[PDB]
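First, one chain by itself in structure tokens, the form deposited in one PDB entry.
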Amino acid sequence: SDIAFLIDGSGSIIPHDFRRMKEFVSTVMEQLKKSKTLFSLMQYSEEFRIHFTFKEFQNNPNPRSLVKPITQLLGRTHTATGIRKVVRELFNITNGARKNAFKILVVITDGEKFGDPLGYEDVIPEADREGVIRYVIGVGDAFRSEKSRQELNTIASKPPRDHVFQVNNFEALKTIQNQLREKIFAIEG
């Protein structure tokens, strides 16, 4: 599995909550680490930060090591565009991605997509195409609406009842590691 994470580095995320989020990630990777499992990370906002590709991960497969030194981005939320860059670059061959592997993406967001040229209709379709399974962790009150949930149910793969985890705050991501973990194993064993 070519397992990749899309992390929201919005300045709407107080230093510690971002501190937390980041501890979340190190854990699930240590936790899902088979032998042939690859990892990749990029931080997104209004700016897009590729912290590492599957291609490197294998010449230093230490989640604590690569995840520790990230620097937040503060800008706004371009989820869609980030999605496009996930498929387009991350899951590209030269970036280590292996062709006969399961393509997986776990998206962690703090709010609705704000001021992005692209839409989901623009990026989603090309994601299915290459067959990227999407799981989404949505964090915070912003996602308490009867329309916020909608965008959450959207980035996911179907069914959404199974790809959406709606948490209350950064502390609380610890609460789903087991889930998120066990779901990503069932599809390899």
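The term rigid core refers to the maximal set of C-alpha atoms that superpose within 1.5 Å between the two forms. Numbering starts at 1 and runs along the sequence shown.
Stretches compared: 142-150, 158-166. Higher mean C-alpha B-factor in the entry: 142-150.
On average the C-alpha atoms of 92-100 have higher B-factors than those of the other stretch, with 78-86 and 92-100 being the two compared. Comparing C-alpha B-factors across 27, 53, 60, 37 in the deposited entry, the largest value falls on 60. For residue 188, the recorded CA B-factor ranks within the highest third of the chain. Only modelled residues enter the ranking.
When the modelled residues of the chain are ordered by C-alpha B-factor, residue 43 sits in the lowest third. In this PDB entry, residue 66 carries a Cα temperature factor that places it within the highest third of its chain's modelled residues.
Form deposited with a small molecule bound: not shown, discussed below.
Put simply, residue 84 is far from the small molecule in the entry with it bound: not one heavy atom of it is within 4.5 Å. Taking the partner from elsewhere, residue 114 is found to have a heavy atom lying within 4.5 Å of the small molecule in the entry with it bound.
Among heavy atoms of residue 177, none comes within 4.5 Å of the small molecule in the entry with it bound.
Proximity of residue 12 to the small molecule in the entry with it bound falls within the 4.5 Å heavy atom cutoff. With a cut-off of 2 Å and the rigid core superposed, residue 59 has a Cα displacement that falls short of the cut-off between the shown form and the other one. Put the two forms on the same core and the Cα of residue 158 is off by less than 2 Å between the shown form and the other one.
Remark: with the core as the superposition reference, the CA shift of residue 68 between the shown form and the other one stays below 2 Å. In contrast to the form presented, in the entry with it bound the C-alpha positions of residue 75 and residue 177 spread farther apart by 3 Å or more. Between residue 137 and residue 172, the C-alpha separation shrinks by 3 Å or more in the entry with it bound, relative to the conformation displayed.
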